[PDB]
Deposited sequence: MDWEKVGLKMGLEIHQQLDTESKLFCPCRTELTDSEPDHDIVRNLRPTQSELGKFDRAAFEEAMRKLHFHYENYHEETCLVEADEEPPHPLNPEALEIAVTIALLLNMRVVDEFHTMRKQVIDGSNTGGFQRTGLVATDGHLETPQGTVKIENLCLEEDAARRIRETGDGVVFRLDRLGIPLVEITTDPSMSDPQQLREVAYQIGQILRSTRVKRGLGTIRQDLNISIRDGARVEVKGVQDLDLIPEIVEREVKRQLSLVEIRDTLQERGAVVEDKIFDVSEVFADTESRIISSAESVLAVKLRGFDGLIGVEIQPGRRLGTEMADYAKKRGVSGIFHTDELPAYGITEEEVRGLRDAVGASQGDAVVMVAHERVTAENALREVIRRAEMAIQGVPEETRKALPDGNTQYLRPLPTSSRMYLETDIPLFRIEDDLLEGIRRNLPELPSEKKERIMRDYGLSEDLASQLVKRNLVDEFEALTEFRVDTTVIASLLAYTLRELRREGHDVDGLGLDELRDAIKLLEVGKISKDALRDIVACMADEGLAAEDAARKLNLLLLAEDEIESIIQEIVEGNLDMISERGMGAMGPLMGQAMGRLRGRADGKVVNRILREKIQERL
């Protein structure tokens, strides 16, 4: 799709958990817990004039704490402890593995964040490496920055009295790797994302769910920056990019037509309720009140498929769905939906709409339908301008969906509590000359030097047990058996624990096949 011609500029931001014994600026363990919180702490973050009454109300948070799994650090009741060395070491290694240039002195900062996921109103982050690069068929891609930050608390519930986060994840080490913001080749983006992943898997990193997080930033000339969050599957990056390029192009064509016919967006909301006194659609008939708005010249464009399956109206529907509401009804799709033309003509008439423009109605309770229509007008206005910068999420297919605006520029100042960390070049080399082998290397090396088949070696690496590992037996017991135990047991007891002992007692009394039962007891 002539990428370099539409001016496609992509970027990648990868966050990775570390799997260190202790958290970053505190000593608590790096694992989450399902246990019931020992203490719920009520707090309120603070801004910076008629809203300093509504804004505040949206900053009331409840923090779940644990007498064991949490400390005063997570609660903002005790200053952060000094930078966790183990973390910085992995961070550095990773950086070096990316050909980055590790900093001479590490300085912790406070990225302003009144989101609630942070108990202090900020996130502690620090820059560790810079100007790095990778190698891809498509060419050499530069890696801009490498930062070590605390992961945020996690959300648990939302109630009248605001959001409720849990502090267990708060503090777990993280590395934010950003790449050049102007990629240009979809296939290249997937290559970088993949290589980065394989590098991260080359160091002490958490493996599992929440673990990694990848956010791509697609862009197009005369289009707009849009962040796509949570793209679990890398194989699908090409696809979601291409599909995004289409959506911005479609949205652009729609911009040019709205201008072709000098469309206008009137924030005038009409109480088109009497028009449905006797209607044939339960949805509305059972709806409290019902309002509608006109979009001049917008006809025929709210239903145009901008992306395989979704239409502009869908975008509007998504913009409007916030503030509550099922799904907006509109001219280009309303001839149906259990409503006859005599009715369709009734709306156009009551709203005073020409045959060239269209109407978007909302059947709900007046108080909100008003707030909802105000949004479909906001987006309507944006369509006149074109593609709007927003944070979307990826769907099962390659499409995406609106979530919220784009992140504001990250305001951040000094975290005076934590000392500076000088990275003595001496210890920096004791690493750069001992970087870890990639997974691929691990597999072949381990194969080549133990007779392990590709399969057994593949699994042993996949499960991170290569370090533990008749050879073909000791492996077939951690790559095969131990997985079978995650179905009838709690093998998460101690690798090297019972294993040490039992593995010995296989040299004397205890047939190969006894293993998958002996250790089990433990």
Deposited residues absent from the coordinates (by C-alpha):
49 to 56, 478 to 485, 539 to 619
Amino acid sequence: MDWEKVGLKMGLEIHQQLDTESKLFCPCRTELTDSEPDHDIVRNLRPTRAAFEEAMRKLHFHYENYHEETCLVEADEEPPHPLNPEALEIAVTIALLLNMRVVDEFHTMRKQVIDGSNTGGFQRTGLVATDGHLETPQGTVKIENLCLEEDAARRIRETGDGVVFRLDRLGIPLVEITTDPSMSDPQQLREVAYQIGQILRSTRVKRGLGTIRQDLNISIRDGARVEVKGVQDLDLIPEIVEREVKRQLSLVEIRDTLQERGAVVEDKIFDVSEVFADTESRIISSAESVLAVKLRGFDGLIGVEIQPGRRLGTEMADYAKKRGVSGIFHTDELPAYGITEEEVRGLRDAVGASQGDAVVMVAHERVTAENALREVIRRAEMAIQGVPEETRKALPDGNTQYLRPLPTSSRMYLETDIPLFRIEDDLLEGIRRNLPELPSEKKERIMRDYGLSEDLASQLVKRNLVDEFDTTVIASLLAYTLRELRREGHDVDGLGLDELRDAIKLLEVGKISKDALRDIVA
From here on, numbers count along this sequence of modelled residues.
If you take the mean CA temperature factor per stretch, which one wins between 472 to 480 and 491 to 499?
491 to 499
Please compare 388 to 396 with 149 to 157 and say which has the higher mean C-alpha temperature factor in the record.
388 to 396
Among the candidates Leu209, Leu428, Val272, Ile220, give the one with the maximum CA B-factor reported in the record.
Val272
Check the PDB entry and point out which of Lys23, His15, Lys9, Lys511 has the largest C-alpha temperature factor.
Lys511
In terms of the CA temperature factor given in the entry, to which third of its chain does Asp34 belong: lowest, middle or highest?
middle
With respect to C-alpha B-factor, does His107 fall in the lowest, middle or highest third of the chain as deposited?
lowest
Name the third of the chain's ranked CA B-factors that contains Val290, choosing lowest, middle or highest.
highest
Using the B-factor values recorded in the entry, state whether the Cα atom of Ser281 falls in the lowest, middle or highest third among the modelled residues of its chain.
highest
Place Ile114 in the lowest, middle or highest third of its chain's C-alpha B-factors, as listed in the PDB entry.
lowest
